[PDB]
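In the form deposited in one PDB entry, a lone chain appears below as structure tokens.
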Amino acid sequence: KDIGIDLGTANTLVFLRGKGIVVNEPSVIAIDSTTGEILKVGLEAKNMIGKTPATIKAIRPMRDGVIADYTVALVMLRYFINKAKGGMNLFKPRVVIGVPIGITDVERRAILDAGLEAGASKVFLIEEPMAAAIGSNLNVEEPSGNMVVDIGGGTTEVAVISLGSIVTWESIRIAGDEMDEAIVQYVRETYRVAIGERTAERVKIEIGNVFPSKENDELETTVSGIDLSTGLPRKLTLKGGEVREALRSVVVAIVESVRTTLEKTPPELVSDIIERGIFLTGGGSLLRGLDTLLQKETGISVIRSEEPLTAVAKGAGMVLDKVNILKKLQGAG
């Protein structure tokens, strides 16, 4: 039994060689604040965020693409592996876990340890964009310039793939989480209202956009929270234009990372990218008009992936059947 795991800062996906995606749940875990006992893991836990009594603590152990709260992350990972196997047993499956390219050796050691402690007989780490390319069948083993821009909840990764490896890359810790925060901050500074992270995510999903257009400007939705200047509950409406402005600095950072990667890419590979185009993927890349904006800024065609949410998990599991690539991945156990 072999599984691919996309342990995202926002959502976790597990691909089981033989049937596909068997786990797709928010990366949240809730525990009894006194006993430490796990109450819920997944969606039911996410639904608790910002709504818990003092007796319960809802946690998102993954941050910036890496482990931020070790033990909690450990038990959550075990829960997911157990669920992927279809209940806990004495079988230790082989596991491949996606990771940002800019990960440190220490952060890298933590994920390998966690994988083993969580119940894996052996763990392998695969770079995010590489897993996404394999999961989307991009023929990564060929000598063809393939630039992938993967935006998740914790990181934005830009990589030029060729011959089963990454030639050049940039990795910044500005992605989905920073988009949510940007909206929270915008509402607080503009209307003096405090809203939660989940309400900000809803806004991002319902009217988030990064390219100007009549249609985008007309988009609207409401948000509810507490007016910090009056101490009263308050509901107000946000429009596409406002949100686009709130996400400006984040988008600027993303565009910049793409330009910087292109600049240092070997000329023959750049030649390939101009003809092939840039591959845009990841849950954080779904902002309205993001492809439009990147294409206009780089002057190069941008293509959105067809399975932006599952590509990474699929690729992590599929890499097990590619000895040439697998043999180069760092592992443990």
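Counting begins at 1, following the sequence as shown. For the two forms, the rigid core is made up of the largest set of C-alpha atoms that agree within 1.5 Å on superposition. Residues that one form lacks are left out of the comparison.
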_Quick check: 101-109 versus 201-209, which has the larger average CA B-factor in the record?_
101-109
*Take the C-alpha B-factors listed in the entry for 186-194 and for 79-87, compute each mean, and give the stretch with the larger one.*
79-87
*asked:* So if I compare the CA B-factors in the entry for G119, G152, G241, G225, which one is the largest?
replied: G119
*Can you pull the Cα B-factors for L236, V258, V250, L125 from the entry and say which is highest?*
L125
*Quick one: classify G299 as lowest, middle or highest third of the chain based on its Cα B-factor.*
highest
*Of the three thirds of its chain by CA temperature factor, lowest, middle or highest, which one includes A54?*
highest
*Which third, lowest, middle or highest, does the CA B-factor of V167 fall in along this chain?*
lowest
*Against its chain's modelled residues, does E263's Cα B factor rank lowest, middle or highest third?*
middle
*asked:* Can you tell me whether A114 has a C-alpha B-factor in the lowest, middle or highest third compared with the other modelled residues of the same chain?
replied: highest
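Same protein, other form: the form solved in complex with a small molecule, not shown, and the subject of what follows.
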*Just one of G283, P61, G42, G289 has a heavy atom within 4.5 Å of the small molecule in the entry with it bound. Which one?*
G283
*Pick from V252, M88, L228, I205: which residue has any heavy atom within 4.5 angstroms of the small molecule in the entry with it bound?*
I205
*Taking 4.5 angstroms as the cut-off for heavy atoms, does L77 touch the small molecule in the entry with it bound?*
no
*asked:* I325 versus the small molecule, in the entry with it bound: is there a non-hydrogen atom within 4.5 Å?
replied: no
*asked:* Given that the small molecule is not shown alongside this chain, does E242 nevertheless sit within 4.5 Å of it in the entry with it bound, heavy atom to heavy atom?
replied: no
*At the 4.5 Å heavy atom threshold, is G135 in contact with the small molecule in the entry with it bound?*
no
_Candidate stretches 188-196, 154-162, 113-121, 67-75, one within 4.5 Å of the small molecule in the entry with it bound by heavy atom_ = 154-162
*Out of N139, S224, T190, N89, the residue that alone shifts its CA by 2 Å or more between this form and the one not shown when the rigid core is the reference*: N89
*What stretches, three or more residues long, have all their C-alphas moved by 2 Å or more between this form and the one not shown when the rigid core is held in place?*
87-91
